[PDB]
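Visitor: Just to be clear, this is only the beginning of the complex, oriented as in the whole thing:
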Amino acid sequence: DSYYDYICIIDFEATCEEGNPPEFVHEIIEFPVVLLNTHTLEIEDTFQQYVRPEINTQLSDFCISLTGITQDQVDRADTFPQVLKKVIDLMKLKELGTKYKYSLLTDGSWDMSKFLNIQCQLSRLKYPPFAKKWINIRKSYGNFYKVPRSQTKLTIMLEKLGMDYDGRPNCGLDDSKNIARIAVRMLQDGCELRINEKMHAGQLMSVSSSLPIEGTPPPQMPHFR
């Protein structure tokens, strides 16, 4: 059974607040995409788009300080459904899921299980089926390098692999590009990154590594809920 031909790295940036309150309703404000070719370990496509939040329109000073995304940036931006549509259109042009086997990769579980999960509700979109399974790279890294969860933060991962962060930290595209560097190194080291997490009934579950390598469905624009 063959390996994924492509990996999509997605690192959402979202509205936020000092202290990171637990019950805060996050809204995606940046949608970066990095297409890594697993055969050649080259980045083939990078797509960055800012997302205009409808509920919390005005970004907090703390959010501006952390992510680097300005108010003007999210004002001149499309709304999430339009951004998502554009991201899928890129994925369809690359023929992911039809010609090439592919997976989604995120730095942790929140990106997909929280950010996308909540944003889709706020955008009145059904959860796109193609995004229900993914590679959590922290999970992979933790399992492959035998380190606790606490030692899997983006900075630390790069540090333990002889790398400095490349670009502006918390600029979604830059995080994705740096996550890509980890995914490359891990593949070079011999860890064939497997889909290890899933959304089922809206609650986060682990994907068994005993299960065969399975492709992510070809992406489709989810219909309005």
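Guide: Cool, the structure landed. Numbering: from 1, shown residues only, chains lettered A, B, ... in the order given.

Visitor: Give the full set of residues in contact with the spatially most central residue of chain A.
Guide: In chain A, the C-alpha nearest the mean C-alpha coordinate belongs to residue A:10, at 2.5 Å (C-alpha atoms, centre = their mean). Applying C-beta atoms under 8 Å, 6 or more residues apart in numbering, one finds that residue A:10 lies in contact with A:31-34, A:104-106, A:111-112, A:176. Every C-beta, even on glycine, is put in place using the N, C-alpha and C of the backbone.

Visitor: for residue A:124, same thing?
Guide: Counted by C-beta under 8 Å, 6+ apart, residue A:124 has contacts A:224-225.

Visitor: Against residue A:59, how distant is it?
Guide: For residue A:124, the distance to residue A:59 equals 22 Å [C-beta to C-beta, to the nearest Å].

Visitor: if you look at the contacts of residue A:10, which of them are in strands?
Guide: Among those, the members found in strands (DSSP state E) are A:31-34, A:104-106.

Visitor: which of the residues you listed lies closest to residue A:130?
Guide: Residue A:130 lies nearest to residue A:104 out of the ones in strands among the contacts of residue A:10, by C-beta to C-beta, at 7.8 Å.

Visitor: Could you tell me how many residues sit around the residue lying closest to the closest one once chain neighbours are set aside?
Guide: What sits nearest to residue A:104 in space, not counting adjacent residues and going by C-beta to C-beta, 6 or more residues apart in numbering, is residue A:134, at 4.1 Å. By other C-beta atoms under 10 Å, the residues close to residue A:134 number 27.

Visitor: in the sheet, who's paired with residue A:134?
Guide: Beta bridges link residue A:134 to residue A:197, judged by DSSP bridges.

Visitor: For residue A:55, what are phi and psi?
Guide: Per-residue torsions, residue A:55: phi -70, psi -70 (degrees, to the nearest 10).

Visitor: what's it in contact with, if anything?
Guide: Counting by C-beta under 8 Å, 6+ apart, residue A:55 has contacts A:25, A:27, A:122.

Visitor: Chain B comes next; put it on the structure above:
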Amino acid sequence: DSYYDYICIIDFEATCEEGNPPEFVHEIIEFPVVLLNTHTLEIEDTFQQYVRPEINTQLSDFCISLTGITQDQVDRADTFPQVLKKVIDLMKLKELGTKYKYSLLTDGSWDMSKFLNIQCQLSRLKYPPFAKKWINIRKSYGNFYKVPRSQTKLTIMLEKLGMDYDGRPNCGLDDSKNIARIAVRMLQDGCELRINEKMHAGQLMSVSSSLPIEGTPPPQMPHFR
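Guide: Alright, chain B goes in next:
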């Protein structure tokens, strides 16, 4: 018997070739002056002037790299007699030799006994009587800290006293400033720096330790030979 009120640091830069040939006719190309108040251990005056050589007008590739002095800085520069007149004007304004007891101080002995000595002859000037004796700080440093001559290079003197060089090495001013830093530290350490070198009949001679603290005559612009 009272000490000097001012120490007058001069570190000439001169025209030169790769390998420092012995018989080379040097021409002053930079005339820095750092005026140090011995009572307050503070630099009161800083004065840097480039000098346009008349014989060897074009600086060598080696000379330009060593000193950092560019060809154009030399072209727009005054000739030596005009530069010297200006330096003397400063010393007169500061009332050196009239109101205040002073000495010249150099890093080594070449500055007065070789550079100035030769440069005067080339510029058709008598040797300035006020520049006949000076403090060789390498001689002072070598005697006070009891190190051989080999360990009295500007950069080594700084390291031994826990210092890093400030600015660009072989830039006359930066040199003079750094030499003044060694001068200050040595005065703090307890070495009452005194004139230890002179010229007599164009011959380089030593000035005795036990000879009382004598000042230097008030500077005069020398008459043409």
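
Visitor: rewinding a little: can you tell me how far the residue nearest to the centre of chain A is from residue B:152?
Guide: Relative to residue B:152, residue A:10 is positioned 64 Å away (C-beta to C-beta).

Visitor: Residue A:187 belongs to a helix?
Guide: Yes - counting by DSSP: H, G, I helix; E, B strand; the rest coil, residue A:187 is found in a helix.

Visitor: ok now do it, which residues does it touch?
Guide: A:38, A:41, A:193 (C-beta atoms under 8 Å, 6 or more residues apart in numbering or on different chains).

Visitor: Torsion angles phi and psi at the last one?
Guide: For residue A:193, the backbone dihedrals are phi -50, psi 120 (criterion: degrees, to the nearest 10).

Visitor: hang on, the earlier thing: among the contacts of residue A:187, name the buried ones.
Guide: A:38, A:193 (16 or more other C-beta atoms under 10 Å in any protein chain shown).

Visitor: Could you single out the nearest of the contacts of residue A:187 to residue B:144?
Guide: Minimum distance to residue B:144 across the contacts of residue A:187 is 63.4 Å, recorded for residue A:41 (C-beta to C-beta).

Visitor: Please identify the helix or strand for the closest residue to the closest one other than its chain neighbours.
Guide: With C-beta to C-beta, 6 or more residues apart in numbering or on different chains as the criterion, residue A:41 has its nearest non-adjacent residue at 4.9 Å, and that residue is residue A:184. For residue A:184, the element it lies in under DSSP states H and E is helix A:172-189.

Visitor: residues in contact with stretch A:210-218?
Guide: Counting by C-beta under 8 Å, 6+ apart, A:1-4, A:92, A:96-98, A:101-104, A:129-130, A:133, A:194-195 sit against stretch A:210-218.

Visitor: what about burial for those residues, which qualify?
Guide: Members of those classed as buried by 16+ other C-beta under 10 Å are A:4, A:96-97, A:101-104, A:130, A:133, A:194-195.

Visitor: follow-up on the earlier one: the contacts of stretch A:210-218 in strands, which ones?
Guide: A:102-104, A:133.

Visitor: here's chain C, drop it onto the model above:
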Amino acid sequence: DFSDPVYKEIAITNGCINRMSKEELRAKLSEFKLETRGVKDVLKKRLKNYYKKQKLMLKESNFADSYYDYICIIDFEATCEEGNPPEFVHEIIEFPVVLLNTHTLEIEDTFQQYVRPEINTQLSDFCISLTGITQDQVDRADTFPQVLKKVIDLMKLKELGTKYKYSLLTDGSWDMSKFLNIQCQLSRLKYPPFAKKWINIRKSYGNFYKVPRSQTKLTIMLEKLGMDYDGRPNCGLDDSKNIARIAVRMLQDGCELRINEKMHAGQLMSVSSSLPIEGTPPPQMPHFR
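Guide: Same chains as before, plus chain C:
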């Protein structure tokens, strides 16, 4: 003329900093190695000026950059016979696009589509040997119009011509003035206005590095810049990618890569060197004739 959009940014940041507390100011100040001693209003003005210095330094960053934001590299592969007979009708069989960001100097997009020829549908032994494109590939492939639409869909997605200034870059004049020219006639498509002008890297390389025209071949250009060929030669996408490598090296060396060849009434002409640096229009899928 504070009318520059950079100033509204500074106004937004200054107010953001005016809200900051003595501690927040002292914090963000230590983070930039700036002096931390003083009073609220001192620290406030100091930090405000740092962000002013930074933004203005950054916005005036026009070194190793092009006036175009993107350079869109295309190297068609077309049907061919051995010995290149004079009257063989060429058809594009590979449409690679390598989109180069001109500021970051990274390839932001690579895109490869194969094309099913409809005239000489059956590829030649030589053609297969040269391009490395199997008969099976062109058989499964879409019609040229369909492929062009896809290519345009990519350009529209990356906002070329609308939000970003861009131009097409080609190794030689053949791709646009010949292959696409002939192909559009065959596919009965009006020649797309976005492809009427472009950069000929051979022209650019020739009079930048002062080399004769016979020495501006793809393999030679690379061997001259001190680099070997990446991937398989004569393969569109890999050609384009290696072309993009030359393009970068040149922008780094400080070549203002400029549109040098237009096409007017099916006739290849050169664009004047002295004429103002102009950007390609936004791409549109051309209509049938």
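
Visitor: try the contacts of residue A:55 again now we have chain C.
Guide: Residue A:55 neighbours (C-beta under 8 Å, 6+ apart): A:25, A:27, A:122.

Visitor: ok, now residue A:11?
Guide: Per C-beta under 8 Å, 6+ apart, neighbours of residue A:11: A:32, A:106-107, A:111, A:172-173, A:175-176, A:179.

Visitor: Could you look up the SS state of the closest residue to residue C:184 other than its chain neighbours?
Guide: Among residues not flanking residue C:184 along the chain, residue C:191 sits closest, at 5.0 Å (C-beta to C-beta, 6+ apart). What three-state DSSP gives for residue C:191 is coil.

Visitor: Go ahead and confirm residue C:191 touches residue C:183.
Guide: No - the pair residue C:191 / residue C:183 is not scored as a contact, 9.7 Å apart, by C-beta atoms under 8 Å.

Visitor: Mind checking which of the two has more residues around it?
Guide: Per other C-beta atoms under 10 Å in any protein chain shown, whichever of residue C:191 and residue C:183 has more neighbours is residue C:183, with 24 against 17.

Visitor: number of nearby residues for the closest residue to the more buried one other than its chain neighbours?
Guide: Nearest residue to residue C:183, sequence neighbours excluded (C-beta to C-beta, 6+ apart): residue C:92, at 4.7 Å. The tally of other residues near residue C:92 (other C-beta under 10 Å) stands at 26.

Visitor: The one 5 residues further on too?
Guide: Counted with other C-beta under 10 Å, the neighbours of residue C:97 add up to 23.

Visitor: now do residue C:141
Guide: What residue C:141 shows, counting by other C-beta under 10 Å, is a neighbour count of 19.

Visitor: what sits opposite residue C:160 in the beta ladder?
Guide: Applying DSSP bridges, one finds that residue C:160 bridges with residue C:164.

Visitor: so residue A:141 makes contact with residue A:186?
Guide: Yes - shown here, residue A:141 and residue A:186 form a contact pair, counting by C-beta under 8 Å, at 6.9 Å.

Visitor: neighbour-wise, which of the two wins?
Guide: Legend: neighbour count by other C-beta under 10 Å for residue A:141 and residue A:186, higher for residue A:141 (25 against 19).
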